[PDB]
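**Student:** The structure's right below; bear with me while I get my questions together.
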Amino acid sequence: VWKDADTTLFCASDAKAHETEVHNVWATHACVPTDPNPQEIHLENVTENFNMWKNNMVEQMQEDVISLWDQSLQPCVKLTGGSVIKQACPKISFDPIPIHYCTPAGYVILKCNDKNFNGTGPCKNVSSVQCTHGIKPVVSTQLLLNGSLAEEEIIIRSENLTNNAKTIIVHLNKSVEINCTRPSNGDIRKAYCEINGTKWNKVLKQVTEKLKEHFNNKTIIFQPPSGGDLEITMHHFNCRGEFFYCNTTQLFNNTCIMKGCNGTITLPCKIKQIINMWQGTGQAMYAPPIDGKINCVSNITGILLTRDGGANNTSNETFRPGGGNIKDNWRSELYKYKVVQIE
Amino acid sequence: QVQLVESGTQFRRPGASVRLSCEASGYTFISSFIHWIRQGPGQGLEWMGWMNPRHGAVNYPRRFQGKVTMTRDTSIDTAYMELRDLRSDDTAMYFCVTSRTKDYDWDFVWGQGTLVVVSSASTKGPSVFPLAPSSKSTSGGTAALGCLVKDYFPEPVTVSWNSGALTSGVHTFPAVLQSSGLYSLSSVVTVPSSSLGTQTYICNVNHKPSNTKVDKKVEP
Amino acid sequence: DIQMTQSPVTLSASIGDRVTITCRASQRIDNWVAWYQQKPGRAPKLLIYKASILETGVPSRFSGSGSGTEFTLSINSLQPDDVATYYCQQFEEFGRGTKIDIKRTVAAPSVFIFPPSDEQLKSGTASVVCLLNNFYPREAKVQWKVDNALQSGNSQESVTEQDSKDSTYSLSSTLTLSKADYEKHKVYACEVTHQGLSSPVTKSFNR
Ligand SMILES: *[C@@H]1O[C@H](CO)[C@@H](O[C@@H]2O[C@H](CO)[C@@H](O[C@@H]3O[C@H](CO[C@H]4O[C@H](CO)[C@@H](O)[C@H](O)[C@@H]4O)[C@@H](O)[C@H](O)[C@@H]3O)[C@H](O)[C@H]2NC(C)=O)[C@H](O)[C@H]1NC(C)=O
Ligand SMILES: *[C@@H]1O[C@H](CO)[C@@H](O[C@@H]2O[C@H](CO)[C@@H](O[C@@H]3O[C@H](CO)[C@@H](O)[C@H](O)[C@@H]3O)[C@H](O)[C@H]2NC(C)=O)[C@H](O)[C@H]1NC(C)=O
Ligand SMILES: *[C@@H]1O[C@H](CO)[C@@H](O[C@@H]2O[C@H](CO)[C@@H](O)[C@H](O)[C@H]2NC(C)=O)[C@H](O)[C@H]1NC(C)=O
Ligand SMILES: *[C@@H]1O[C@H](CO)[C@@H](O[C@@H]2O[C@H](CO)[C@@H](O)[C@H](O)[C@H]2NC(C)=O)[C@H](O)[C@H]1NC(C)=O
Ligand SMILES: *[C@@H]1O[C@H](CO)[C@@H](O)[C@H](O)[C@H]1NC(C)=O
Ligand SMILES: *[C@@H]1O[C@H](CO)[C@@H](O)[C@H](O)[C@H]1NC(C)=O
Ligand SMILES: *[C@@H]1O[C@H](CO)[C@@H](O)[C@H](O)[C@H]1NC(C)=O
Ligand SMILES: *[C@@H]1O[C@H](CO)[C@@H](O)[C@H](O)[C@H]1NC(C)=O
Ligand SMILES: *[C@@H]1O[C@H](CO)[C@@H](O)[C@H](O)[C@H]1NC(C)=O
């Protein structure tokens, strides 16, 4: 028997001590080795309730990622609280590794095995575990990258559906790759991302239909972000240490939801040295990008959406890409987990 | 105390644009969404959109899309809303708004409001016309007289009677904005008709924006 | 996709009386609602949130209730300071607003009419003014007739706030014509309809 509680978690990883890659280095000092024989007990005839939007596991992961980035990605210039801090800014090796979050003695993690569980409500199917699955700390906006897929159906996630101020997480049940490349050889900050139109539009169509199920079969329309910082209006992520900003206009194409637009989709991108820190602490300036082919291939496994408020007589609903938290990224991976206290 | 303090009333000519500021204090600027709401004269409240301080995320309703722009200044805790292609029907009271309650963006605290006046008119002194008492405006032993303060811009004007000696029974009506883009109003007073013969009634109209002063004697 | 409807549009009550305002939600499913107080020429003030929870600094006489479609705002004993326009709210949607008005016994308007001044005629524009003085309730109908012909779209009106002394209203209606148009006709009349008047009162003059 068990009871709901919050406590300080620890982390585990398979980080290599000889590796200079910053996630490896951090985890070597801040985390323990993984368990090769992890226990998982299915809780027979037990129903447990979850709430991904009120889950202290999420807040704790954010702290770690903030801490990781702060000691690993020193900029040449940092603009924070009106102050400027300078230090050395060598190019680094950067590639996220899976991190498991685990409970200490007297506590355990409950896992919801409901395939179509939406992150809020009751879960009949529950298994206890010592540690979560390995979650890569991928920091991004609009699109969730290299993250777990829905087992069965596409799931729409939101703290409240009726409310428009609450971010919507679309959990994909099938990956779509992103290939971003800064070619070796003009403009060293010029880049692009290639996506498969046929595959993506098939998925996007399904997401539209899924959304229809939740909004009284109203018409679903995608539009580009109304405004804001470049970090949210564009697809923002970190690739091999370089901060990428990718235009997503082409990805949310209404007319393709079909003509011969089944070919490769190429998003225009730029690498920026001066950025707004996702930590919310201000602005940082980095050195210009390394030479040669900068390339990251990533699955698209989630989408962040904001719905337009004020629909009236018109039955349409408009959605725009971009989430309003980095915590939501971790939320999407931790939605099926919660900490409880053992009696 | 959570407080939002907006800029003073603005005057613009049709087709131009206006920028309104909202200064936040008494709470963490970063913590909650900022909304903007407009109130038409003698009308209900209308939501214009919300903005997120940390990353500048924005939400607009169908009607204001393409016509409104919301911007933030994190370093000074000041929010902005810019309205463009101003129309005559854009004349209203605009409020910047935030949420007092934690985790609930919708509960709101109201800024004092910023009146936006859209007119092609330019600053102009009033014409002052007497409303003479007569048989038509006399009932029982009560007569009515007044002044018509026509075609002035902008607001406000002040009206007094006999240098402030006459206050009882005086009604100065709210200005009406005419189709010309100029304001007009009237001020009336009821007096004993018997006193029309002996007592002299003078109306004092002050329009400071054009520093226009007019004393007009109202005679039968 | 949610619309809020308030009732009544206008509410007239005596001091010390209980006051109830109704707000209905079209979507049919809710648990959260806010109420606001707005005084004339002043910003709105939050009174109630979460349907039944009082904002800090708000008097105990204010209460909120309701479930599902329908929500209510109640004042236990009306105080003269509570006279204002009240709004309900659900997310980005607001009700039309209810104006609490201090009730008085019915009073018919005293009606006066003013021809355009000679000085104004020199300008080239003629304004005719109809005054409805010290009446209750606020509702009043003014129609302008020129040579018994109905005028429309050439008149504007304005109303004073409720007088703090006798709780009556006053109304000014202005009919604007050109000098030339004004001189083409003889009899000018505004027709006043008010529940305090058994039949419409007509004030007129000979040009
Ligand atoms: C990825 O996620 C997608 C969405 O979760 C999955 O798509 C679906 O595939 C299923 C069956 O696996 C389809 O479900 C079927 O639905 C059809 C249509 O049913 C509906 O129409 C009636 C009448 O209008 C209505 O009352 C119902 O509510 C449904 O709206 C059924 O007729 C079949 O019997 C069966 O239930 C889904 O419709 C379909 N999703 C969409 C939007 O196409 C996709 O399978 C997932 N990928 C994987 C690998 O599972
Ligand atoms: C990652 O993205 C890059 C760019 O989108 C992909 O590069 C492309 O790979 C192709 C073949 O798939 C190269 O095309 C071939 O070039 C050879 C040499 O000329 C040609 O003989 C073949 O006929 C064909 O055109 C293409 O040049 C290359 N793009 C560049 C700029 O290198 C790469 O394939 C992507 N990764 C994956 C897994 O798709
Ligand atoms: C990108 O997504 C792919 C496909 O969903 C992932 O590959 C699957 O990987 C699992 C191991 O986690 C294998 O058991 C499956 O056989 C693979 N699926 C297929 C169709 O081959 C891949 O791990 C993802 N890459 C990341 C996360 O970087
Ligand atoms: C993403 O790319 C598209 C196309 O390059 C940009 O779209 C234009 O945006 C402007 C104003 O910036 C509109 O005037 C144009 O009509 C748009 N083009 C079309 C065809 O829609 C979009 O602005 C880009 N995103 C960003 C952040 O710049
Ligand atoms: C998720 O399912 C729960 C069932 O308890 C339901 O109450 C809630 O509205 C659902 N949310 C979404 C986004 O489907
Ligand atoms: C898109 O992906 C599909 C697999 O669904 C594949 O058949 C096709 O080669 C791809 N199209 C192009 C031209 O990239
Ligand atoms: C949508 O796709 C079609 C390709 O047929 C194109 O005409 C249009 O430009 C696209 N819209 C975008 C990419 O914004
Ligand atoms: C996604 O994972 C792949 C494989 O490890 C890696 O090459 C890629 O760069 C990752 N993407 C991001 C944005 O970290
Ligand atoms: C979301 O808000 C709607 C409208 O207030 C409410 O009816 C519903 O219960 C809310 N859902 C949750 C999970 O609070």
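Numbering starts fresh at 1 for the residues of each chain in the structure tokens, the chains themselves are lettered A, B, ... in the order given, and ligands are numbered from 1 as they appear.
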May I ask you to write as a list in words all residues lying at most 8 Å from ligand 8, with only C-alpha atoms and all ligand atoms counted?
**Tutor:**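 Every residue with an atom at most 8 Å from ligand 8 is listed here: residues 95, 96, 97, 138, 139, 140, 145, 146, 237, 238, 239, 240, 295, 296, 297, 298 and 299 of chain A.
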**Student:** Counting only C-alpha atoms, which residues from chain C have an atom at most 8 Å from any atom of chain B, and could you show them as a ChimeraX atom specification?
**Tutor:** /C:34,42-46,49,90-97,110-117,119-120,156-160,170-172,203-205
**Student:** Could you save the residues just selected, with N, CA, C and O atoms, as a CSV table (one decimal), in the first residue's frame?
**Tutor:**
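Written out: result.csv:
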chain,number,residue,atom,x,y,z
C,34,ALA,N,-16.3,35.0,-12.6
C,34,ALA,CA,-15.9,36.2,-11.9
C,34,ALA,C,-17.0,37.3,-12.0
C,34,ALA,O,-17.7,37.3,-13.0
C,42,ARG,N,-14.8,55.2,-14.1
C,42,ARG,CA,-13.8,54.5,-13.3
C,42,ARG,C,-13.6,53.1,-13.8
C,42,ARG,O,-14.5,52.5,-14.3
C,43,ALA,N,-12.4,52.6,-13.5
C,43,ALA,CA,-12.0,51.3,-13.9
C,43,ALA,C,-12.8,50.2,-13.1
C,43,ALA,O,-13.3,50.5,-12.0
C,44,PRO,N,-13.0,49.0,-13.7
C,44,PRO,CA,-13.7,47.9,-13.0
C,44,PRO,C,-13.0,47.4,-11.8
C,44,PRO,O,-11.8,47.5,-11.7
C,45,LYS,N,-13.7,46.8,-10.9
C,45,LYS,CA,-13.2,46.3,-9.7
C,45,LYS,C,-13.6,44.8,-9.5
C,45,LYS,O,-14.8,44.6,-9.5
C,46,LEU,N,-12.7,43.9,-9.2
C,46,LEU,CA,-13.1,42.5,-9.0
C,46,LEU,C,-13.8,42.3,-7.7
C,46,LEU,O,-13.3,42.8,-6.6
C,49,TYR,N,-14.7,35.9,-7.5
C,49,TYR,CA,-14.0,34.9,-8.4
C,49,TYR,C,-14.3,33.5,-8.0
C,49,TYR,O,-14.7,33.3,-6.8
C,90,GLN,N,-16.5,34.7,-18.0
C,90,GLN,CA,-16.1,33.4,-18.2
C,90,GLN,C,-15.0,33.4,-19.3
C,90,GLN,O,-15.3,33.5,-20.5
C,91,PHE,N,-13.7,33.2,-18.9
C,91,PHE,CA,-12.6,33.3,-19.8
C,91,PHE,C,-12.6,34.6,-20.5
C,91,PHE,O,-12.7,35.7,-19.9
C,92,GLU,N,-12.5,34.6,-21.8
C,92,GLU,CA,-12.4,35.8,-22.6
C,92,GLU,C,-13.8,36.5,-22.8
C,92,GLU,O,-13.9,37.5,-23.5
C,93,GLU,N,-14.8,35.9,-22.3
C,93,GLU,CA,-16.2,36.4,-22.5
C,93,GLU,C,-16.8,37.1,-21.3
C,93,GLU,O,-16.6,36.7,-20.1
C,94,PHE,N,-17.4,38.2,-21.5
C,94,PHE,CA,-18.1,39.0,-20.5
C,94,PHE,C,-19.6,39.1,-20.8
C,94,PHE,O,-20.0,39.0,-22.0
C,95,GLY,N,-20.4,39.4,-19.8
C,95,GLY,CA,-21.8,39.6,-19.9
C,95,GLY,C,-22.0,41.1,-20.4
C,95,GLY,O,-21.1,41.9,-20.4
C,96,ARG,N,-23.2,41.4,-20.9
C,96,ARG,CA,-23.5,42.7,-21.4
C,96,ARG,C,-23.4,43.8,-20.3
C,96,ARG,O,-23.2,45.0,-20.6
C,97,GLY,N,-23.7,43.4,-19.1
C,97,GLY,CA,-23.7,44.4,-18.0
C,97,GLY,C,-25.0,44.7,-17.4
C,97,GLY,O,-26.0,44.9,-18.2
C,110,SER,N,-40.3,67.2,-17.0
C,110,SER,CA,-40.7,68.5,-17.4
C,110,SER,C,-40.1,68.8,-18.8
C,110,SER,O,-38.8,68.8,-18.9
C,111,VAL,N,-40.9,69.2,-19.8
C,111,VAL,CA,-40.4,69.3,-21.1
C,111,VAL,C,-40.3,70.7,-21.6
C,111,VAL,O,-41.2,71.5,-21.5
C,112,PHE,N,-39.1,71.1,-22.1
C,112,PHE,CA,-38.8,72.4,-22.6
C,112,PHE,C,-38.2,72.3,-24.0
C,112,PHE,O,-37.5,71.3,-24.2
C,113,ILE,N,-38.4,73.3,-24.8
C,113,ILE,CA,-37.9,73.3,-26.1
C,113,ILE,C,-37.2,74.6,-26.5
C,113,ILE,O,-37.7,75.7,-26.1
C,114,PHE,N,-36.1,74.6,-27.1
C,114,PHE,CA,-35.3,75.8,-27.5
C,114,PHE,C,-35.1,75.9,-28.9
C,114,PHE,O,-34.4,75.0,-29.5
C,115,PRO,N,-35.6,76.9,-29.6
C,115,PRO,CA,-35.3,77.2,-31.0
C,115,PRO,C,-33.8,77.6,-31.2
C,115,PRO,O,-33.1,77.9,-30.2
C,116,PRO,N,-33.3,77.5,-32.4
C,116,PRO,CA,-31.9,77.9,-32.6
C,116,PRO,C,-31.7,79.4,-32.4
C,116,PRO,O,-32.6,80.2,-32.7
C,117,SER,N,-30.6,79.8,-31.8
C,117,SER,CA,-30.3,81.2,-31.5
C,117,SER,C,-30.0,81.9,-32.8
C,117,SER,O,-29.6,81.4,-33.8
C,119,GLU,N,-27.7,84.1,-33.4
C,119,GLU,CA,-26.3,84.1,-33.5
C,119,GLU,C,-25.8,82.9,-34.2
C,119,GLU,O,-24.9,82.9,-35.1
C,120,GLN,N,-26.4,81.7,-33.8
C,120,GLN,CA,-26.0,80.5,-34.5
C,120,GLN,C,-26.5,80.4,-35.9
C,120,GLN,O,-25.8,79.8,-36.8
C,156,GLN,N,-29.2,64.0,-31.9
C,156,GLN,CA,-28.3,63.3,-30.9
C,156,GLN,C,-28.8,63.7,-29.5
C,156,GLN,O,-29.3,64.8,-29.3
C,157,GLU,N,-28.6,62.8,-28.6
C,157,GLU,CA,-29.1,63.0,-27.2
C,157,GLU,C,-28.0,62.6,-26.2
C,157,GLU,O,-27.1,61.8,-26.5
C,158,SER,N,-28.2,63.2,-25.0
C,158,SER,CA,-27.3,62.9,-23.9
C,158,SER,C,-28.0,63.0,-22.6
C,158,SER,O,-29.0,63.7,-22.4
C,159,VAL,N,-27.6,62.2,-21.6
C,159,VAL,CA,-28.3,62.0,-20.4
C,159,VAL,C,-27.4,62.2,-19.2
C,159,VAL,O,-26.2,61.7,-19.2
C,160,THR,N,-27.8,62.9,-18.2
C,160,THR,CA,-27.1,63.2,-17.0
C,160,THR,C,-27.0,61.9,-16.1
C,160,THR,O,-27.9,61.0,-16.3
C,170,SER,N,-31.9,63.6,-16.2
C,170,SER,CA,-32.3,64.7,-17.2
C,170,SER,C,-31.7,64.3,-18.6
C,170,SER,O,-30.7,63.6,-18.7
C,171,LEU,N,-32.4,64.7,-19.6
C,171,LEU,CA,-32.0,64.3,-21.0
C,171,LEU,C,-32.0,65.6,-21.9
C,171,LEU,O,-32.9,66.4,-21.8
C,172,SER,N,-31.0,65.7,-22.7
C,172,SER,CA,-31.0,66.7,-23.7
C,172,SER,C,-30.9,66.1,-25.1
C,172,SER,O,-30.1,65.3,-25.4
C,203,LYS,N,-43.9,69.3,-27.4
C,203,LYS,CA,-43.5,70.7,-27.3
C,203,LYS,C,-43.1,71.2,-28.7
C,203,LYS,O,-42.4,70.5,-29.4
C,204,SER,N,-43.7,72.3,-29.0
C,204,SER,CA,-43.5,72.9,-30.4
C,204,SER,C,-43.4,74.4,-30.4
C,204,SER,O,-43.8,75.0,-29.4
C,205,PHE,N,-43.0,74.9,-31.5
C,205,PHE,CA,-42.9,76.4,-31.7
C,205,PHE,C,-43.1,76.8,-33.2
C,205,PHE,O,-42.8,76.0,-34.1
**Student:** Could you please tell me, as JSON, numbers by chain, which residues of chain A have an atom within 10 Å of chain B when using only C-alpha atoms?
**Tutor:** {"A": [80, 81, 82, 163, 164, 165, 166, 225, 226, 227, 228, 229, 230, 231, 232, 233, 276, 277, 278, 279, 280, 281, 282, 306, 307, 308, 309, 310, 311, 312, 314, 318, 320, 322, 323, 324, 325]}
**Student:** For the selection you just gave me, I'd like the residues written to a file as a tab-separated table (two decimals), in the first residue's frame, keeping N, CA and C atoms.
**Tutor:**
chain	number	residue	atom	x	y	z
A	80	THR	N	22.07	39.41	-18.16
A	80	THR	CA	21.13	38.91	-17.17
A	80	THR	C	20.95	39.90	-16.02
A	81	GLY	N	19.70	40.10	-15.62
A	81	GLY	CA	19.33	41.08	-14.61
A	81	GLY	C	20.03	42.41	-14.74
A	82	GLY	N	20.22	42.86	-15.98
A	82	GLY	CA	20.84	44.14	-16.25
A	82	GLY	C	22.35	44.10	-16.15
A	163	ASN	N	-10.18	26.27	-21.75
A	163	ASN	CA	-9.32	27.43	-21.60
A	163	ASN	C	-8.40	27.56	-22.81
A	164	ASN	N	-8.18	28.79	-23.28
A	164	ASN	CA	-7.27	29.03	-24.39
A	164	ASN	C	-5.86	29.43	-23.98
A	165	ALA	N	-5.70	29.87	-22.73
A	165	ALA	CA	-4.40	30.29	-22.23
A	165	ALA	C	-3.49	29.10	-21.93
A	166	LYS	N	-4.06	27.90	-21.91
A	166	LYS	CA	-3.29	26.71	-21.59
A	166	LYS	C	-2.72	26.05	-22.84
A	225	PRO	N	2.48	31.67	-35.77
A	225	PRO	CA	2.43	32.42	-34.51
A	225	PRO	C	2.14	33.91	-34.70
A	226	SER	N	1.30	34.47	-33.83
A	226	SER	CA	0.87	35.86	-33.95
A	226	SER	C	2.02	36.83	-33.71
A	227	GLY	N	2.96	36.43	-32.85
A	227	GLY	CA	4.09	37.28	-32.52
A	227	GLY	C	4.90	36.74	-31.35
A	228	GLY	N	5.93	37.48	-30.96
A	228	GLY	CA	6.78	37.08	-29.85
A	228	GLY	C	8.25	37.01	-30.22
A	229	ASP	N	9.05	36.49	-29.31
A	229	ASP	CA	10.48	36.32	-29.54
A	229	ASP	C	10.75	35.27	-30.62
A	230	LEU	N	11.92	35.36	-31.25
A	230	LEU	CA	12.30	34.43	-32.30
A	230	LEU	C	12.34	32.99	-31.80
A	231	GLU	N	12.61	32.82	-30.51
A	231	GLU	CA	12.68	31.50	-29.90
A	231	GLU	C	11.34	30.75	-29.93
A	232	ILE	N	10.23	31.48	-30.00
A	232	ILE	CA	8.92	30.83	-30.04
A	232	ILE	C	8.27	30.90	-31.42
A	233	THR	N	8.53	31.97	-32.16
A	233	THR	CA	7.93	32.15	-33.48
A	233	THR	C	8.59	31.24	-34.51
A	276	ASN	N	17.84	34.78	-26.86
A	276	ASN	CA	17.13	34.90	-25.60
A	276	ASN	C	17.17	33.57	-24.87
A	277	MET	N	17.73	33.56	-23.66
A	277	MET	CA	17.88	32.33	-22.90
A	277	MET	C	16.53	31.76	-22.48
A	278	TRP	N	16.33	30.48	-22.76
A	278	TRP	CA	15.10	29.78	-22.42
A	278	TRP	C	14.90	29.73	-20.91
A	279	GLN	N	16.00	29.87	-20.17
A	279	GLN	CA	15.95	29.92	-18.72
A	279	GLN	C	15.24	31.18	-18.24
A	280	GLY	N	15.02	32.12	-19.15
A	280	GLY	CA	14.29	33.34	-18.84
A	280	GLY	C	15.15	34.38	-18.15
A	281	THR	N	16.46	34.16	-18.14
A	281	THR	CA	17.36	35.02	-17.39
A	281	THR	C	17.89	36.19	-18.22
A	282	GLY	N	17.63	36.18	-19.52
A	282	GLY	CA	18.10	37.24	-20.38
A	282	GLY	C	18.70	36.79	-21.70
A	306	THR	N	-1.13	26.56	-29.43
A	306	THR	CA	-1.99	27.51	-28.73
A	306	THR	C	-3.22	27.80	-29.57
A	307	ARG	N	-4.40	27.63	-28.97
A	307	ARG	CA	-5.65	27.91	-29.66
A	307	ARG	C	-6.07	29.37	-29.54
A	308	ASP	N	-6.53	29.94	-30.65
A	308	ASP	CA	-7.07	31.30	-30.67
A	308	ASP	C	-8.32	31.40	-29.80
A	309	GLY	N	-8.35	32.40	-28.92
A	309	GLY	CA	-9.53	32.67	-28.11
A	309	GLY	C	-10.58	33.48	-28.83
A	310	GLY	N	-11.77	33.56	-28.24
A	310	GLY	CA	-12.85	34.36	-28.81
A	310	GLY	C	-13.67	33.86	-29.98
A	311	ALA	N	-13.67	32.56	-30.23
A	311	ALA	CA	-14.48	32.05	-31.32
A	311	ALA	C	-15.91	32.39	-30.93
A	312	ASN	N	-16.71	32.89	-31.87
A	312	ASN	CA	-18.08	33.26	-31.55
A	312	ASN	C	-19.28	32.56	-32.20
A	314	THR	N	-18.80	31.83	-35.62
A	314	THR	CA	-18.02	31.02	-36.53
A	314	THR	C	-17.68	29.75	-35.79
A	318	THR	N	-8.82	27.99	-34.58
A	318	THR	CA	-7.49	28.22	-35.12
A	318	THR	C	-6.40	27.85	-34.11
A	320	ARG	N	-2.06	27.58	-33.41
A	320	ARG	CA	-0.75	28.10	-33.81
A	320	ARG	C	0.35	27.41	-33.02
A	322	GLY	N	3.86	26.54	-30.99
A	322	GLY	CA	4.63	27.20	-29.95
A	322	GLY	C	4.06	26.89	-28.59
A	323	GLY	N	4.90	26.36	-27.71
A	323	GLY	CA	4.53	26.17	-26.32
A	323	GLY	C	5.04	27.30	-25.46
A	324	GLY	N	4.45	27.45	-24.28
A	324	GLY	CA	4.83	28.56	-23.43
A	324	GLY	C	5.64	28.16	-22.21
A	325	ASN	N	6.28	26.99	-22.30
A	325	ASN	CA	7.20	26.56	-21.25
A	325	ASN	C	8.20	25.55	-21.78
**Student:** For ligand 2, which residue among A:168, A:180, A:211, A:326 is the nearest when counting only C-alpha atoms and all ligand atoms?
**Tutor:**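 For ligand 2, the nearest of the given residues is A:180.
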**Student:** Using only C-alpha atoms and all ligand atoms, find each residue with an atom at most 6 Å away from ligand 1 and format the answer as a ChimeraX atom specification.
**Tutor:** /A:152-154,173,206,209-210
**Student:** Mind writing the picked residues with N, CA, C and O atoms as a CSV table (one decimal), in the first residue's frame?
**Tutor:**
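Writing done, so here's result_27.csv:
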chain,number,residue,atom,x,y,z
A,152,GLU,N,-0.5,4.0,-28.8
A,152,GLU,CA,-1.6,3.6,-29.7
A,152,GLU,C,-2.1,4.8,-30.5
A,152,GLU,O,-1.7,5.0,-31.6
A,153,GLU,N,-3.1,5.6,-29.9
A,153,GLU,CA,-3.6,6.7,-30.6
A,153,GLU,C,-2.8,8.0,-30.3
A,153,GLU,O,-2.1,8.2,-29.3
A,154,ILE,N,-3.0,9.0,-31.3
A,154,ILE,CA,-2.5,10.3,-31.1
A,154,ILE,C,-3.3,10.9,-29.9
A,154,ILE,O,-4.5,10.8,-29.8
A,173,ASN,N,2.0,9.5,-32.3
A,173,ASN,CA,2.2,8.0,-32.3
A,173,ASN,C,3.1,7.5,-33.3
A,173,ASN,O,3.2,6.2,-33.5
A,206,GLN,N,-4.0,13.6,-39.6
A,206,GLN,CA,-4.5,12.8,-38.5
A,206,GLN,C,-4.7,13.7,-37.2
A,206,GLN,O,-5.6,13.5,-36.5
A,209,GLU,N,-7.8,15.7,-37.4
A,209,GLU,CA,-9.0,14.9,-37.1
A,209,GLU,C,-9.1,14.6,-35.6
A,209,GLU,O,-10.2,14.7,-35.1
A,210,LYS,N,-8.0,14.3,-35.0
A,210,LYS,CA,-8.0,14.1,-33.6
A,210,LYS,C,-8.5,15.3,-32.8
A,210,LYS,O,-9.2,15.2,-31.9
**Student:** Identify, counting only C-alpha atoms and all ligand atoms, the protein, DNA and RNA residues located within 7 Å of ligand 6, and give them as a list in words.
**Tutor:** residues 196, 197, 198, 199, 263 and 264 of chain A
**Student:** Compute the set of protein, DNA and RNA residues whose minimum atom distance to ligand 4 is at most 6 Å, using only C-alpha atoms and all ligand atoms, and state it as a list in words.
**Tutor:**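 Sorted by chain and then by number, the residues are residues 233, 234, 247 and 249 of chain A.
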**Student:** Those same residues, written as an mmCIF file, in the first residue's frame with N, CA, C and O atoms?
**Tutor:**
data_model
loop_
_atom_site.group_PDB
_atom_site.id
_atom_site.type_symbol
_atom_site.label_atom_id
_atom_site.label_comp_id
_atom_site.auth_asym_id
_atom_site.auth_seq_id
_atom_site.Cartn_x
_atom_site.Cartn_y
_atom_site.Cartn_z
ATOM 1 N N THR A 233 8.533 31.973 -32.161
ATOM 2 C CA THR A 233 7.932 32.152 -33.477
ATOM 3 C C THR A 233 8.592 31.245 -34.505
ATOM 4 O O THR A 233 8.016 30.956 -35.555
ATOM 5 N N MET A 234 9.802 30.797 -34.196
ATOM 6 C CA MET A 234 10.506 29.846 -35.043
ATOM 7 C C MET A 234 10.775 28.567 -34.260
ATOM 8 O O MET A 234 10.754 28.572 -33.030
ATOM 9 N N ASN A 247 12.193 28.420 -39.399
ATOM 10 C CA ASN A 247 10.866 28.829 -39.829
ATOM 11 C C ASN A 247 9.982 27.604 -40.034
ATOM 12 O O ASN A 247 10.373 26.656 -40.712
ATOM 13 N N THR A 249 6.570 27.853 -41.046
ATOM 14 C CA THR A 249 5.404 28.228 -41.848
ATOM 15 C C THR A 249 4.986 27.096 -42.784
ATOM 16 O O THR A 249 3.803 26.769 -42.898
#
**Student:** Out of A:215, A:53, A:69, A:101, which residue has the shortest atom-to-atom distance to ligand 9 when counting only C-alpha atoms and all ligand atoms?
**Tutor:**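 Once distances to ligand 9 are computed over only C-alpha atoms and all ligand atoms, the minimum belongs to A:53.
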**Student:** Return as a PyMOL selection string every polymer residue, whether protein, DNA or RNA, with at least one atom no more than 10 Å from an atom of ligand 2; count only C-alpha atoms and all ligand atoms.
**Tutor:** chain A and resi 177-185+192-196+264-266+293+295-297
**Student:** Could you report the residues within 7 Å of ligand 7, using only C-alpha atoms and all ligand atoms, as a ChimeraX atom specification?
**Tutor:** /A:249-251,253-256,259-261
**Student:** When the cut-off is 7 Å and you count only C-alpha atoms and all ligand atoms, which residues lie near ligand 9, shown as JSON, numbers by chain?
**Tutor:** {"A": [159, 160, 161, 162, 163], "C": [29, 30, 31, 32]}
**Student:** Check which residues fall inside 8 Å of ligand 5 when counting only C-alpha atoms and all ligand atoms, and print them as a list in words.
**Tutor:** residues 117, 118, 119, 120, 121, 122, 155, 156, 157, 158, 159, 160, 161 and 214 of chain A
**Student:** Write a file of the just-selected residues containing C-alpha atoms, as a CSV table (one decimal), in the first residue's frame.
**Tutor:**
chain,number,residue,atom,x,y,z
A,117,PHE,CA,-4.1,8.2,-21.2
A,118,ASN,CA,-4.3,11.9,-21.8
A,119,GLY,CA,-2.2,13.0,-18.8
A,120,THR,CA,-5.2,13.9,-16.5
A,121,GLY,CA,-7.8,11.6,-14.9
A,122,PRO,CA,-7.9,8.0,-13.6
A,155,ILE,CA,-3.2,12.1,-27.8
A,156,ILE,CA,-4.2,15.7,-27.2
A,157,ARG,CA,-2.9,17.1,-23.9
A,158,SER,CA,-3.9,20.3,-22.2
A,159,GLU,CA,-4.4,21.3,-18.6
A,160,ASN,CA,-7.8,22.6,-19.6
A,161,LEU,CA,-9.2,22.2,-23.1
A,214,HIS,CA,-12.3,17.3,-28.9
**Student:** Using only C-alpha atoms, determine which residues lie at most 6 Å from residue 112 of chain A, disregarding the query and same-chain residues fewer than 3 positions distant; provide the list as a count of residues only.
**Tutor:** 3
